[PDB]
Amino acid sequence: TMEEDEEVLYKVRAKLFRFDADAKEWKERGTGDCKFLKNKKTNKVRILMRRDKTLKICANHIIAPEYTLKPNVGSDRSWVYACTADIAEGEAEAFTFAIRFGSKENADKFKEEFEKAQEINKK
């Protein structure tokens, strides 16, 4: 499973989307627990998210210091950001993600923790 060597810094239910630039539309990639995981040997913090029931990975990438969380025009409980290397489906690939939460409170908490993890990764 490859998560026993990591501390869970933060966990929250979320729906993750990926932007399809060709279709010009957002498409759902998964709904489940989104976790911030800090490796005990490298101190590096990643996002790992798995779908309910199938437990398949729908996000797996470092919370890079250069990423920035931006609002979506349709929502006060979501963030959109560009990710250069996600390995959820195998080979490293660039995506524009959107992650939406149950409330604005949850979205704001996520940004707060997202940015904490970014500072952790720079150290």
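One rule holds for the numbers: they count along the sequence shown, beginning at 1.
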Review point. Is residue 1 one of the residues left unmodelled in a third or more of the other entries compared?
Key: yes
Practice item. Pick between 87-95 and 74-82: the one whose mean CA B-factor in the entry is higher. Key: 87-95
Review point. What third of the chain, by the recorded C-alpha B-factor, contains residue 16?
Key: lowest
Review point. What third of its chain's C-alpha B-factors does residue 27 belong to: lowest, middle or highest?
Key: lowest
**Study point:** Assigned third (lowest, middle, highest) for the C-alpha B factor of residue 50
**Key:** middle
